[PDB]
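J.: One file: model.cif (mmCIF, C-alpha atoms).
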data_data
loop_
_atom_site.label_atom_id
_atom_site.label_comp_id
_atom_site.auth_asym_id
_atom_site.auth_seq_id
_atom_site.Cartn_x
_atom_site.Cartn_y
_atom_site.Cartn_z
CA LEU H 1 64.93 76.76 118.06
CA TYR H 2 65.26 75.44 114.52
CA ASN H 3 62.09 73.62 113.44
CA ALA H 4 61.68 71.08 110.66
CA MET H 5 59.44 72.56 107.97
CA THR H 6 58.94 69.64 105.54
CA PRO H 7 57.57 66.10 105.95
CA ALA H 8 60.91 64.60 104.90
CA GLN H 9 62.75 66.43 107.69
CA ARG H 10 60.13 65.14 110.16
CA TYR H 11 60.89 61.57 109.01
CA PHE H 12 57.52 61.45 107.21
CA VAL H 13 55.69 61.53 110.55
CA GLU H 14 52.13 62.81 110.28
CA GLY H 15 50.09 64.73 112.83
CA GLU H 16 50.38 68.01 114.67
CA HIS H 17 51.61 66.46 117.94
CA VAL H 18 55.15 66.25 116.53
CA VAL H 19 55.25 69.89 115.44
CA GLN H 20 54.17 71.12 118.87
CA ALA H 21 56.60 68.78 120.63
CA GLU H 22 59.45 70.01 118.43
CA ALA H 23 58.66 73.69 118.96
CA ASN H 24 58.35 73.51 122.77
CA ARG H 25 61.36 71.18 123.14
CA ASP H 26 64.48 71.69 125.25
CA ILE H 27 68.05 71.74 123.93
CA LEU H 28 69.21 68.16 124.55
CA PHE H 29 72.38 66.79 122.96
CA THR H 30 70.99 63.22 122.79
CA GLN H 31 67.86 64.27 120.85
CA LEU H 32 67.40 66.80 118.04
CA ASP H 33 69.99 69.41 119.07
CA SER H 34 73.41 67.76 118.82
CA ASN H 35 76.59 69.80 118.29
CA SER H 36 74.48 72.93 118.71
CA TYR H 37 76.07 76.33 119.34
CA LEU H 38 72.80 77.86 120.56
CA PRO H 39 73.71 77.08 124.21
CA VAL H 40 76.96 78.97 123.66
CA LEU H 41 75.01 82.04 122.62
CA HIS H 42 72.71 81.69 125.62
CA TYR H 43 75.88 81.69 127.70
CA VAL H 44 77.18 84.81 125.94
CA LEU H 45 73.90 86.64 126.65
CA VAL H 46 73.91 85.55 130.31
CA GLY H 47 77.52 86.69 130.71
CA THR H 48 76.83 90.04 129.08
CA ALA H 49 73.77 90.62 131.27
CA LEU H 50 75.76 89.75 134.40
CA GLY H 51 78.43 92.26 133.45
CA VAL H 52 75.88 94.93 132.58
CA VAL H 53 74.30 94.50 136.02
CA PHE H 54 77.65 94.93 137.76
CA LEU H 55 78.52 97.91 135.57
CA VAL H 56 75.26 99.74 136.26
CA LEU H 57 74.94 98.97 140.01
CA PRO H 58 77.44 101.57 141.37
CA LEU H 59 76.42 104.23 138.82
CA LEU H 60 73.02 104.53 140.53
CA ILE H 61 74.24 104.67 144.13
CA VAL H 62 107.92 98.50 115.17
CA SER H 63 108.61 95.25 117.02
CA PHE H 64 104.93 95.06 117.99
CA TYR H 65 103.86 95.44 114.37
CA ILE H 66 106.34 92.71 113.41
CA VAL H 67 105.06 90.34 116.09
CA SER H 68 101.48 90.96 114.94
CA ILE H 69 102.31 90.08 111.33
CA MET H 70 104.33 87.00 112.24
CA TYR H 71 101.51 85.90 114.56
CA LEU H 72 98.93 86.29 111.79
CA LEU H 73 100.96 84.30 109.25
CA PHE H 74 101.91 81.53 111.68
CA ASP H 75 98.28 81.40 112.83
CA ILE H 76 97.13 80.81 109.25
CA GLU H 77 99.82 78.12 108.93
CA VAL H 78 98.45 76.44 112.06
CA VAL H 79 94.94 76.81 110.67
CA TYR H 80 96.11 74.81 107.66
CA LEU H 81 97.68 72.22 109.97
CA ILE H 82 94.42 71.75 111.94
CA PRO H 83 92.68 69.66 109.21
CA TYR H 84 95.67 67.28 109.06
CA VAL H 85 95.46 66.44 112.78
CA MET H 86 91.73 65.74 112.35
CA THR H 87 92.32 62.88 109.88
CA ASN H 88 93.99 59.48 110.16
CA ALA H 89 96.81 60.29 107.76
CA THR H 90 98.33 57.99 105.15
CA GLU H 91 101.95 57.93 104.03
CA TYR H 92 101.26 60.46 101.28
CA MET H 93 99.24 62.77 103.52
CA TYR H 94 102.19 62.63 105.90
CA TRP H 95 104.61 63.64 103.16
CA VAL H 96 102.37 66.51 102.01
CA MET H 97 102.25 67.69 105.63
CA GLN H 98 106.03 67.34 105.83
CA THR H 99 106.46 69.56 102.76
CA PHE H 100 104.12 72.12 104.33
CA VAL H 101 106.09 72.02 107.58
CA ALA H 102 109.37 72.31 105.66
CA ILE H 103 108.11 75.50 104.01
CA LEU H 104 107.06 76.84 107.42
CA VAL H 105 110.39 75.90 109.01
CA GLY H 106 112.17 77.64 106.14
CA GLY H 107 110.24 80.82 106.81
CA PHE H 108 111.05 80.45 110.50
CA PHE H 109 114.73 79.99 109.66
CA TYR H 110 114.61 83.16 107.58
CA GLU H 111 113.12 85.01 110.56
CA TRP H 112 115.82 83.66 112.88
CA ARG H 113 118.71 84.36 110.49
CA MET H 114 117.60 87.91 109.70
CA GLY H 115 117.27 88.87 113.37
CA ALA H 116 113.51 89.38 113.43
CA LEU H 117 113.12 86.85 116.25
CA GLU H 118 115.51 88.87 118.40
CA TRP H 119 113.52 91.70 119.97
CA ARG H 120 116.29 94.27 120.44
CA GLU H 121 114.70 96.50 117.79
CA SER Y 1 146.50 132.75 102.47
CA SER Y 2 147.63 131.36 99.12
CA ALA Y 3 150.80 129.94 100.64
CA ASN Y 4 148.95 128.33 103.55
CA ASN Y 5 146.30 126.88 101.23
CA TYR Y 6 148.93 125.35 98.99
CA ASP Y 7 150.60 123.90 102.09
CA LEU Y 8 147.37 122.12 103.01
CA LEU Y 9 146.95 121.01 99.40
CA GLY Y 10 150.49 119.64 99.42
CA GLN Y 11 149.77 117.67 102.58
CA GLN Y 12 146.62 116.15 101.07
CA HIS Y 13 148.39 115.20 97.84
CA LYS Y 14 151.30 113.73 99.79
CA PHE Y 15 148.88 111.61 101.78
CA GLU Y 16 147.09 110.25 98.70
CA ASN Y 17 150.26 109.57 96.67
CA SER Y 18 152.22 107.90 99.49
CA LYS Y 19 149.91 104.90 99.97
CA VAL Y 20 151.37 101.57 98.84
CA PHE Y 21 149.84 99.56 96.00
CA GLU Y 22 148.26 96.98 98.29
CA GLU Y 23 146.53 99.76 100.21
CA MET Y 24 145.38 101.46 96.98
CA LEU Y 25 143.81 98.21 95.78
CA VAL Y 26 142.17 97.60 99.15
CA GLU Y 27 140.75 101.13 99.03
CA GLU Y 28 139.45 100.47 95.51
CA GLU Y 29 137.57 97.47 96.88
CA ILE Y 30 136.27 99.54 99.81
CA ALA Y 31 134.96 102.14 97.36
CA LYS Y 32 133.39 99.51 95.11
CA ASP Y 33 131.62 97.89 98.05
CA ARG Y 34 130.48 101.32 99.22
CA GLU Y 35 128.81 101.73 95.83
CA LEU Y 36 127.24 98.25 95.96
CA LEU Y 37 126.01 98.78 99.54
CA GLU Y 38 124.29 102.10 98.77
CA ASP Y 39 121.07 100.12 98.39
CA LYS Y 40 119.69 99.73 101.91
CA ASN Y 41 117.12 97.00 101.19
CA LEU Y 42 119.78 94.30 100.83
CA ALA Y 43 119.60 91.29 103.14
CA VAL Y 44 123.14 91.89 104.45
CA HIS Y 45 122.11 95.35 105.70
CA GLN Y 46 119.56 93.72 108.01
CA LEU Y 47 122.29 91.49 109.47
CA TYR Y 48 124.86 94.18 110.29
CA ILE Y 49 125.74 97.87 110.22
CA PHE Y 50 128.90 98.61 108.24
CA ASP Y 51 131.68 101.01 109.17
CA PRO Y 52 131.56 103.98 106.76
CA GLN Y 53 135.28 104.38 106.02
CA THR Y 54 135.97 100.64 105.63
CA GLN Y 55 132.89 98.62 104.72
CA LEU Y 56 133.44 96.02 107.43
CA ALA Y 57 130.71 94.80 109.75
CA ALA Y 58 130.72 97.04 112.82
CA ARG Y 59 127.69 95.96 114.87
CA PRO Y 60 124.62 93.76 114.41
CA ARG Y 61 121.43 95.47 113.28
#
What would the structure in this file look like if it were written as C-alpha cells?
T.:
Amino acid sequence: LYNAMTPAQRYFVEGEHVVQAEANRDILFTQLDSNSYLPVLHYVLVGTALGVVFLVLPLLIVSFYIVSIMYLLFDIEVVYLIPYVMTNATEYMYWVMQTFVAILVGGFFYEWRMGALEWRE
Amino acid sequence: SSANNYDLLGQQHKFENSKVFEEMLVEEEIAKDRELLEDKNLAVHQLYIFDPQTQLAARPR
C-alpha cells in the first residue's frame, strides 16, 4: 500500500486520522488506488499458491530460429504501432504511420520474395 | 598403354574442337556465370539452385 508522505500529497489535510485511514485502506478503483497493478500481483501470488498446493498434495500421499527472429522484429514493429492507435491521429500522423507501414510491408515483401515465408526449409 | 591413352586424348580433343561457334559462345557465358555465382551469399542463390553444368535454375531453394 503506497502511502502519501508529505502534506502536499495529502492535499494539505492536517491530523493523524487521515494517515491511519490511508494506511488501513482497501484497494478501491474509485478512491486512491486507480489503475493499480497491485491487485494483479495479489492474483499472481494466489495463483502460484494454488498451484503449489496442487503440486505438493500427491507428493505426501533453422526454420524455428527464423520464425523466432521474424516474430521478434514484427513484434517490435507492432509495439511501435501501438502508440499510434492510442491517439486521435491527424493527417500528418497518418502519413508518418503510412511511411512506417510501407517500410514494414517492404520488409514483408522481401521475406515473401526470398522464400522465408515458405516453411519447406 | 600409350596408344590407348592417345586414343582417349584424341576423343577428348575431337569433342572440344567439334563444337559450333554458337555453342562455344554459350559455353563461355556458362563459364562466366559459374565464376560470378561462386559467391553463395547472393540473393539469387536463395531463390533457386542452379544446375552445375549449365547455370540454369534447376529447383527452388
J.: Considering all atoms listed in the file, extract the chain H residues located within 9 Å of chain Y and return them as a ChimeraX atom specification.
T.: /H:113-115,120-121
J.: Store the residues of this selection in a file with C-alpha atoms, as a PDB file, in the coordinates of the input.
T.:
ATOM      1  CA  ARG H 113     118.710  84.360 110.490  1.00  0.00           C
ATOM      2  CA  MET H 114     117.600  87.910 109.700  1.00  0.00           C
ATOM      3  CA  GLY H 115     117.270  88.870 113.370  1.00  0.00           C
ATOM      4  CA  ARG H 120     116.290  94.270 120.440  1.00  0.00           C
ATOM      5  CA  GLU H 121     114.700  96.500 117.790  1.00  0.00           C
TER       6      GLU H 121
END
J.: Can you measure CA of residue 25 (chain H) to CA of residue 50 (chain H) for me? One decimal in Å is fine.
T.: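 Here the two named atoms are 26.1 Å from each other.
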J.: Nearest to residue 39 (chain H): which of H:71, H:11, H:1, H:62 is it, counting all atoms listed in the file?
T.: H:1
J.: Which neighbours of region 98-106 of chain H fall inside 10 Å, counting all atoms listed in the file, when residues of the same chain fewer than 5 positions from it are skipped, and could you give them as a PDB file with C-alpha atoms, keeping the file's coordinate frame?
T.:
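Result file follows (result.pdb):
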ATOM      1  CA  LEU H  73     100.960  84.300 109.250  1.00  0.00           C
ATOM      2  CA  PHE H  74     101.910  81.530 111.680  1.00  0.00           C
ATOM      3  CA  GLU H  77      99.820  78.120 108.930  1.00  0.00           C
ATOM      4  CA  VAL H  78      98.450  76.440 112.060  1.00  0.00           C
ATOM      5  CA  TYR H  80      96.110  74.810 107.660  1.00  0.00           C
ATOM      6  CA  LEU H  81      97.680  72.220 109.970  1.00  0.00           C
ATOM      7  CA  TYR H  92     101.260  60.460 101.280  1.00  0.00           C
ATOM      8  CA  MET H  93      99.240  62.770 103.520  1.00  0.00           C
ATOM      9  CA  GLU H 111     113.120  85.010 110.560  1.00  0.00           C
ATOM     10  CA  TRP H 112     115.820  83.660 112.880  1.00  0.00           C
TER      11      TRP H 112
END
J.: Given 5 Å on each side, where is the centre and what are the edge lengths in Å to one decimal of the axis-aligned box enclosing the listed atoms of region 32-49 of chain Y, as JSON?
T.:
{"center_x": 125.3, "center_y": 96.7, "center_z": 102.7, "size_x": 26.3, "size_y": 20.8, "size_z": 25.2}
J.: Let me make sure I understand: among H:70, H:85, H:76, H:57, which one has the smallest atom-to-atom distance to residue 107 (chain H) if we use all atoms listed in the file?
T.: H:70
J.: Expressed in Å to a single decimal, how great is the separation between CA of residue 67 (chain H) and CA of residue 119 (chain H)?
T.: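 These atoms are spaced 9.4 Å apart.
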J.: For CA of residue 41 (chain H) and CA of residue 26 (chain H), quote the distance in Å rounded to one decimal.
T.: 15.0 Å
J.: Write out as a ChimeraX atom specification each polymer residue whose atoms come within 12 Å of residue 53 (chain Y), counting all atoms listed in the file; drop sequence neighbours fewer than 3 positions from it.
T.: /Y:26-31,33-34,50,56-58
J.: Restricting the calculation to all atoms listed in the file: of Y:11, Y:55, Y:17, Y:4, which residue gets closest to residue 37 (chain Y)?
T.: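 Closest candidate: Y:55.
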J.: Could you pull the residues within 12 Å of residue 32 (chain H), counting only C-alpha atoms, minus those fewer than 6 positions along the same chain, as a PyMOL selection string?
T.: chain H and resi 1-4+9-10+21-23+25-26
J.: Could region 87-98 of chain H be completed with N, CA and C atoms and returned as a CSV table (one decimal), keeping the file's coordinate frame?
T.:
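Full text of selection20.csv as output:
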chain,number,residue,atom,x,y,z
H,87,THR,N,92.4,64.0,110.8
H,87,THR,CA,92.3,62.9,109.9
H,87,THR,C,93.3,61.8,110.3
H,88,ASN,N,93.0,60.6,109.9
H,88,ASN,CA,94.0,59.5,110.2
H,88,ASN,C,94.8,59.5,108.9
H,89,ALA,N,96.0,60.1,108.9
H,89,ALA,CA,96.8,60.3,107.8
H,89,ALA,C,97.4,59.0,107.2
H,90,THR,N,97.7,59.0,105.9
H,90,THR,CA,98.3,58.0,105.2
H,90,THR,C,99.8,58.4,104.9
H,91,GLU,N,100.6,57.6,104.3
H,91,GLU,CA,102.0,57.9,104.0
H,91,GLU,C,102.1,59.2,103.2
H,92,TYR,N,101.1,59.3,102.2
H,92,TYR,CA,101.3,60.5,101.3
H,92,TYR,C,100.7,61.7,101.9
H,93,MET,N,99.7,61.6,102.8
H,93,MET,CA,99.2,62.8,103.5
H,93,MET,C,100.3,63.2,104.5
H,94,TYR,N,101.1,62.3,105.0
H,94,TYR,CA,102.2,62.6,105.9
H,94,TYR,C,103.2,63.4,105.1
H,95,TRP,N,103.5,63.0,103.9
H,95,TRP,CA,104.6,63.6,103.2
H,95,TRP,C,104.2,65.0,102.7
H,96,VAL,N,102.9,65.2,102.4
H,96,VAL,CA,102.4,66.5,102.0
H,96,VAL,C,102.5,67.4,103.2
H,97,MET,N,102.1,66.9,104.4
H,97,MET,CA,102.2,67.7,105.6
H,97,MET,C,103.7,68.0,105.9
H,98,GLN,N,104.6,67.1,105.6
H,98,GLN,CA,106.0,67.3,105.8
H,98,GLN,C,106.6,68.4,104.9
